[PDB]
Amino acid sequence: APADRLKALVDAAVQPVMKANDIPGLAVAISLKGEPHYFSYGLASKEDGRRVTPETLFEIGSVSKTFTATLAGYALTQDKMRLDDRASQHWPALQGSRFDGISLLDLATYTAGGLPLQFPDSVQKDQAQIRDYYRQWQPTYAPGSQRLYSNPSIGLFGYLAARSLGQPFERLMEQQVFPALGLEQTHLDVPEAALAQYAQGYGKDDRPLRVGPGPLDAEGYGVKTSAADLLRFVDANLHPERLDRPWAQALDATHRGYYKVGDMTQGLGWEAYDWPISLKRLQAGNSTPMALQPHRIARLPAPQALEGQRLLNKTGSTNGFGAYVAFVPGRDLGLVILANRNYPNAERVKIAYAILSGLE
Ligand SMILES: *[B@@]1([O])O[C]([C]C([O])=O)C2=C1[C]=C(OC1=NC([N])=NS1)C([C])=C2[C]
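Residues numbered from 1 in each chain as written, not as in the entry; some residues may be left out. Heavy atoms only, no water.

- Going by the PDB entry, the chain carries the name Beta-lactamase and comes from Pseudomonas aeruginosa PAO1.
- In the PDB, the title recorded for this entry is "Crystal structure of P. aeruginosa AmpC".
- Taken from UniProt, the Function (literature references left out) comment for the chain reads in full: "Class C beta-lactamase which confers resistance to penicillins and cephalosporins (By similarity). Has nitrocefin-hydrolyzing activity."
- Listed in UniProt under the heading Subunit, the comment for the chain reads: "Monomer." (UniProt positions renumbered as here; feature names shortened; annotations may be inferred.)

**Observations regarding the UniProt feature "binding site: a beta-lactam" in the chain**
Phase 1: Cross-referencing UniProt, the feature "binding site: a beta-lactam" maps to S62, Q118, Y149, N151 and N342 in the present numbering.
Phase 2: By secondary structure assignment, the location of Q118 is in the loop between α3 (104–108) and α4 (127–136).
Phase 3: Among the secondary structure elements, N342 is positioned in the loop between β14 (333–339) and α12 (345–359).
Phase 4: At 3.1 Å, the side chain of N342 forms a polar contact with the backbone oxygen of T318. (Helix = DSSP H or I, 4+ residues; strand = E, 2+ residues; numbered from the N terminus. Polar contact = N/O pair within 3.5 Å; in protein donor to acceptor, adjacent residues only side chain to side chain.)

**Observations regarding the pattern of salt bridges**
Phase 1: Taken as a whole and judged by the stated rule, the model has eleven salt bridges.
Phase 2: Between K125 and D217 there is a salt bridge, and its shortest N-O distance comes to 2.8 Å. Here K125, found in the loop between α3 and α4, pairs with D217, found in helix α7 (residues 217–221); they are 92 residues apart in sequence, far enough to count as distant.
Phase 3: Residue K125 is classed as partly exposed on the basis of its relative accessible area of 45%.
Phase 4: Linked by salt bridges that have partners in common, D22, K46, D206 and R341 make up one network. (Salt bridge = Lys/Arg side-chain N within 4 Å of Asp/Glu carboxyl O. Buried < 20%, exposed > 50% of the residue type's maximum accessible area, 1.4 Å probe, protein only.)

**Description of the sheet that holds strand β9 (residues 271–274)**
Phase 1: Overall, antiparallel pairing links the nine strands, which are arranged β2-β1-β14-β13-β12-β9-β8-β7-β11 in an open sheet. Of all the strands in the sheet, the pair left with one neighbour each is β2 (35–42) and β11 (298–305). Along the sheet, successive strands turn relative to each other by an average axial angle of 25 degrees, direction set aside.
Phase 2: Here strand β1 (residues 25–32) runs beside β14; their pairing, made up of seven bridges, is antiparallel. Paired with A27 across the two strands is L338, which belongs to β14. (Pairing = 2+ DSSP bridges. Axes fitted to C-alpha atoms, helices over the stretch in contact; angles between N-to-C directions.)

Spelled out as structure tokens, the structure:
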């Protein structure tokens, strides 16, 4: 029967990668022809033997950037900001800084001029320290020219989008975005009542690792969610028209490409590829040099719709966790892979590619 064949396909993709990367627990969720399918493996906690289920909460790391982008899409639909705004329009503390000459689009798409991968260790999670970091920052190169993947960059984008809406980022996400998307198992700050679902993360010698506080952590990498809720978010991205109109438009804003770097087209949060494309090229787009090195961009003459024969994806990691999400708009196919070890992106993509190729 189809259930036997689908289980065989997903197990064949997952099981060797879990063994090879010593992953304690992993949850898969697939959306196929409008129907969800879940496959849960291993342990959420090795110490107490709690099993992974589709309700287990995992840290999704930088997949959070697609939620940040969705909030910004809502601010855009409301006309509270524009992507061409100067960043300092939305925060008087930045008036007269170099953010007078940097757009919100540049921040969102990592092209502001060399904002680093992470805030320096010297900037703690403190409003004044964050403010002062941005006030003094100077670009290494012209804005809009080079992509350097960056938490302070899209972090500031989310922070400013929240200011355009007159409310803190975390509050907007909890009170407005997650409810509008129908997400009740998605958190920036896990409730005490949901802690039993929060998987343990694992590092070297199985050191336990759950993400700690950092500057603009919520905007950059702070979401915890289940495979079932993250698949609900993928299904909202596959069918924005099913949501109330302002939220449909907010999702659509995350499906617009601005430039290319190699095979990858950069949207707000989402990164897109032509589909089909080889596994090696999809792995190279999600490689360590893409996360760590600047790359000159090839700007598109007009923003491009990220739909049809394309794969939209995002990797996300924390010290203890490794996530990957991908979907194919023109095929109504979605996939989520959440694990409680930060294992290589190439390996995440390997599982995903086997599944997506076999669903096709
Ligand atoms: B984010 O998860 O995207 C990458 C990793 C990947 O999977 O592509 C990334 C993200 C965040 C991040 O900074 C972090 N700081 C903390 N405290 N947790 S994650 C870094 C360094 C990278 C590479």
